[PDB]
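Quick setup: the structure tokens below cover two forms of a single protein chain, split into structure 1 and structure 2.
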Structure 1
């Protein structure tokens, strides 16, 4: 899987970036030099970088199905389907058609949808014929008391608003009620059980500390006083066209904290972490 991203600053922005994108809510996951957007990546990349399973945010597209007491509907099942849709990721569910008297050929279709929703049908007919990824369900040679199966795939191009639509077999009063819901929000751990999180001077939002006014840093550890945020950054960059701590460190309250390496011999040092040694 692949994840294309650009300067993502929230869990939702990461999920909206593509079905292959996952978000790491792990505290202090972004080491010195690493921006918040590093938290957004493919799952095996985050796992490699030490993000645990309980810290990887990755909601998926899924289908929930329900049958009524079944005195209500004979030929189409299930009667109720709930879809949670993540943008770009298809949700699949099967609709069973059971012939009573009816028709030799059966078509499965849905009412008009917004352009943000894409629906295709696979047709697993009883006569051996199999259609895949069609705009409609289509099965000829349908016989009484031998069920046929249609696989419905629904894909949203965005975080859609909650809506419903129906799936019907042409020539029949039967209705499959389909409720669709967005799957774009992340269920992250909050601040409730620790007042020391973000030094108690900021809001914890999916691994990111949104520091209170007068506080900066990845953990809101630096109180700025009247010293401006840029003033403390100036002691961390060599010139005005350069990047803070040579992109290899964090500016911790006016001073660069350099990235430490596990690679033997590697040492990142200097006022701006500008010395990259291979033989230390």
Structure 2
């Protein structure tokens, strides 16, 4: 269908994003370089890319009826509203005395809730998707049916509204509940470094901490300073000799005696300088190797500190 995504960092934020979004919850759906939002997509896309329908979260709006008298039915309904997905239910009007005109209406609703009505009236008249239910001349014990469709545009909290026929003292009490949370089978307590707990196959990091395994603690800005894991915009990461950790290069450790890989982009080491008399920079008695330049001790000169002032 259509699932518009990016911002999406939880299964709930995914389901909030739009009715066509679903969420893959198995943790080996993703690799290190992928953003969390790749778990949020239409059902075909995630199926196509190897997520098991067993593992695809997709809560749906639904209606739940309860006969709890004579004229309007039912009198209690409970709707779970996934944002952007209508929940529909039917109300039946029936009178033993003859009815003149049936106006189905609701009381004041918030901005976030919308109600429309189909009216299936007696003797071949149907109205569709109107703001109020409307039928003319209902007869003795002859039912008419209104289909009520309720849509939320965001996650609401528990609340109720009433549907009434004007001039009649029965009501339909509509309890409305959010359908935004995912149902995820999750461990309690490695994988988030004690700085988050797991939810639907991703880490949910404590206040102050970020990263997919909650490995970084937040700084004022950053980790959009990962461009500063590349020496320039079209270079590899940390000169191919380190890894970007929290937007900073952590350089590879080394086998070699006296060698250290260092620098903002791991571009330097302590052994690749000009040699003389067998040792780098002429040995420790003459100079020290720093990122390809020999820093000679006082008394020695030359690019490899060969010349004790010659």
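Numbering follows the first chain given and starts at 1. Just so we're on the same page, rigid core means the largest C-alpha set that superposes within 1.5 Å between forms.
A.B. asks: Please find the residue from 63, 56, 38, 253 showing a Cα shift of 2 angstroms or more between structures 1 and 2, rigid core superposed.
C.D. replies: Single hit from the list, 253.
A.B. asks: After fitting the rigid core, is the C-alpha of residue 204 off by 2 Å or more between structures 1 and 2?
C.D. replies: Superposed on the core, residue 204 moves its C-alpha 2 Å or more between structures 1 and 2.
A.B. asks: Comparing between structures 1 and 2 on the rigid core: C-alpha of residue 29 shifted by 2 Å or more?
C.D. replies: Shift of 2 Å or more: no.
A.B. asks: Rigid core superposed: how many angstrom does the CA of residue 220 shift between structures 1 and 2?
C.D. replies: Reported C-alpha shift between structures 1 and 2: 8.5 Å at residue 220.
A.B. asks: After superposing on the rigid core, what is the C-alpha displacement of residue 141 between structures 1 and 2, in Å?
C.D. replies: Once the two forms are fitted on their core, the shift reads 2.4 Å.
A.B. asks: After superposing on the rigid core, how much does the Cα of residue 119 shift between structures 1 and 2, in Å?
C.D. replies: C-alpha displacement of residue 119 between structures 1 and 2: 0.4 Å.
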